[PDB]
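Working notes, beginning with the structure itself.
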Amino acid sequence: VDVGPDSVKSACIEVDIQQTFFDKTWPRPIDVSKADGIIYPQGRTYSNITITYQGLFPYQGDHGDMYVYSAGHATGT
Amino acid sequence: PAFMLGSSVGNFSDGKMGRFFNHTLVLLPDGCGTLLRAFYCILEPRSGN
Amino acid sequence: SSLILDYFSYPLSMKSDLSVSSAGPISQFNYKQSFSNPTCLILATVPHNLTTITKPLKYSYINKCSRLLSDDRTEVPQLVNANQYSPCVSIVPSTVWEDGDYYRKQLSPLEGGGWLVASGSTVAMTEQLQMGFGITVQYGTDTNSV
Amino acid sequence: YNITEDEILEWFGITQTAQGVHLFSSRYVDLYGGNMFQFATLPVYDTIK
Ligand SMILES: *[C@@H]1O[C@H](CO)[C@@H](O[C@@H]2O[C@H](CO)[C@@H](O[C@@H]3O[C@H](CO[C@H]4O[C@H](CO)[C@@H](O)[C@H](O)[C@@H]4O)[C@@H](O)[C@H](O)[C@@H]3O)[C@H](O)[C@H]2NC(C)=O)[C@H](O)[C@H]1NC(C)=O
Ligand SMILES: *[C@@H]1O[C@H](CO)[C@@H](O[C@@H]2O[C@H](CO)[C@@H](O)[C@H](O)[C@H]2NC(C)=O)[C@H](O)[C@H]1NC(C)=O
Ligand SMILES: *[C@@H]1O[C@H](CO)[C@@H](O)[C@H](O)[C@H]1NC(C)=O
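Protein chains in written order, with full-length UniProt numbering: chain D, 19 to 95; chain Z, 145 to 193; chain X, 439 to 584; chain L, 243 to 291.
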């Protein structure tokens, strides 16, 4: 239940598929010992202690779903 | 990045995967990423070129 | 930490179906409570000196919800989870026109294939509207601040 | 939501509970570190699949 105006006429610009170009390998597995991508406790922090916490977490060393964005075609300006 | 989340999966007009029925959550950055707009709203396709 | 509260149209007739262990259609395909969180149920009625609320056309609930696979021989039962919604809600309208209404839709193979069907029942509008409130609390999900 | 433009790596996380969709980030608290911290509680009505 809101508002919002349409921008322009219903004529979308052309879209290509060139996923072969986007195929590349930049492996960055997450190192839990390096403290990457860990969900903090939601409302009860701690200090200077080692504690076991049960929750939602990722596996160590996952290649994941790496994606890359690219610019469109252009000739001059 | 831009995120699209939902609970229904279907095909487009040409049969390609990607259509999400009913209310859909969309995360989208704007203003060169300064703004982080989010909305769980109804989306409708366009029938143009 | 947080207070979550759902309101719905709930007349007195299926009040005995409000129990957690009850196997009625309300606990089957409509709504299920949280087993691990404290709960409260309130059944109330519209006061006569209160015109700020309206009433629905009729009460309606779902008595059947299951998934038909593409093999046309196997039917998967569905179970409502804690504060969750069945897929049959996506095909059942909010107001059911009459008792025995049957709703069907096509399921994509990425979502298991086959078809999703449901059946509902209607209860006539009495003299005064009765509704239900479900109160559930959370003690440590956020800052304790309500 | 506002995020100042910079060139510092950051983190983001998304999950769902019966309360709603919780969005966690490090831009609000740990700019030079990086950890999840609660900034958004989207009041979703349906489970995201
Ligand atoms: C880019 O962002 C601009 C600022 O955020 C947009 O201007 C806003 O556009 C949105 C829709 O895209 C609308 O904001 C909505 O506000 C309504 C309720 O506000 C309405 O009523 C007040 C007076 O009661 C009126 O002043 C407003 O203009 C609205 O008509 C909410 O229900 C929505 O959720 C949403 O927040 C407004 O149209 C407008 N608001 C302001 C403050 O300028 C701009 O339109 C965006 N770009 C495009 C192309 O839409
Ligand atoms: C945090 O805990 C560590 C671990 O015990 C404390 O560091 C120890 O302090 C004693 C005191 O002389 C040393 O003998 C140990 O070698 C220290 N161990 C380590 C690993 O540093 C530290 O004092 C505690 N800090 C606070 C603020 O409580
Ligand atoms: C979801 O979308 C499908 C197809 O557009 C429609 O049949 C169904 O009724 C919708 N459900 C809701 C709850 O909007």
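C-beta atoms are modelled at their ideal positions from N, C-alpha and C, and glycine is treated no differently.
Check: Nearest-angstrom Cβ-Cβ length linking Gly558 (chain X) and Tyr499 (chain X), presumed shorter than 8 Å; Outcome: 7 Å
Check: Residue environment, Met278 (chain L), which counts as buried when at least 16 other CB atoms sit within 10 Å; Outcome: buried
Check: Three-pair Cβ contact test at 8 Å for the region 266-280 of chain L versus the region 246-258 of chain L; Outcome: yes
Check: Local conformation of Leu507 (chain X) per DSSP, three classes; Outcome: coil
Check: Close Cβ partners of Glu536 (chain X) (< 7 Å) along its chain, the five nearest in sequence each way excluded; Outcome: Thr560
Check: Partner residues on chain L for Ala146 (chain Z), Cβ-Cβ distance less than 9 Å; Outcome: Simply none; closest approach about 13 Å.
Check: Reduced DSSP secondary structure (H/G/I, E/B, other) of residue 588 (chain X); Outcome: This structure cannot speak to residue 588 (chain X), because chain X is shown only from 439 to 584.
Check: Residue of X:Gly550, X:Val555, X:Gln576, X:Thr564 minimising C-alpha distance to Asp539 (chain X); Outcome: X:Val555
Check: Distance between beta carbons of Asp580 (chain X) and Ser439 (chain X), contact taken as under 8 Å; Outcome: 4 Å
Check: 8 Å contact criterion, which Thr574 (chain X) and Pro476 (chain X) should meet: CB distance rounded; Outcome: 7 Å
Check: Nearest neighbour of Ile56 (chain D), chosen from D:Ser65, D:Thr43, D:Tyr77 [CA to CA]; Outcome: D:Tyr77
Check: Ligand 2 heavy atom lying under 7 Å from the CB of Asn582 (chain X); Outcome: no
Check: Beta-carbon spacing of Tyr541 (chain X), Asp288 (chain L) below 8 Å; Outcome: no
Check: Contact set for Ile186 (chain Z): own chain, Cβ-Cβ below 8 Å, skip 5 residues either direction; Outcome: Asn166, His167, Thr168
Check: Distance between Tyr85 (chain D) and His91 (chain D) (C-alpha atoms, nearest Å); Outcome: 19 Å
Check: Within chain Z, the residues that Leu284 (chain L) reaches when beta carbons sit closer than 8 Å; Outcome: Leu169, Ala182, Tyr184
Check: For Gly551 (chain X) and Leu507 (chain X), believed in contact at Cβ under 8 Å, the rounded distance; Outcome: 6 Å
Check: Check: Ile529 (chain X) C-beta below 7 Å from any heavy atom of ligand 4; Outcome: In the structure shown, ligand 4 is absent; the only ligands present are ligand 1, ligand 2 and ligand 3.
Check: Helix, strand or coil at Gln261 (chain L) [DSSP, three-state]; Outcome: coil
Check: Residues within the region 536-570 of chain X neighbouring chain Z, beta-carbon criterion of under 8 Å; Outcome: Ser546, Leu548, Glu549
Check: 7 Å Cβ cut-off: residues of chain D touching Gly177 (chain Z); Outcome: What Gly177 (chain Z) touches in chain D: nothing, since even the nearest Cβ is about 12 Å away.
Check: Of the listed residues Z:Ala182, Z:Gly162, Z:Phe147, nearest to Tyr243 (chain L) (C-alpha basis); Outcome: Z:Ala182
Check: Residues, ordered as in the chain, of the region 64-80 of chain D that lie near chain B by beta-carbon distance below 7 Å; Outcome: Absent from the structure: chain B. Protein chains present are D, Z, X and L.
Check: Residue span of the beta strand (DSSP E) that contains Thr477 (chain X), given as start and end; Outcome: 477-483
Check: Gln37 (chain D) - containing alpha helix (DSSP H), residue span; Outcome: 37-40
Check: Within chain Z, the residues that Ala29 (chain D) reaches when beta carbons sit closer than 7 Å; Outcome: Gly192, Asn193
Check: Spatial distance of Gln466 (chain X) from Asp248 (chain L) (CA atoms); Outcome: 52 Å
Check: Closest Cα partner of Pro189 (chain Z) within the set Z:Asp158, Z:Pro173, Z:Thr178, Z:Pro145; Outcome: Z:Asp158
Check: Contacts that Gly150 (chain Z) makes with chain X (C-beta to C-beta distance below 9 Å); Outcome: Ordered by position in chain X, no residue passes the 9 Å Cβ test against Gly150 (chain Z), which lies about 11 Å from the chain.
Check: Length of the line joining the Cα atoms of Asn468 (chain X) and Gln566 (chain X); Outcome: 23 Å
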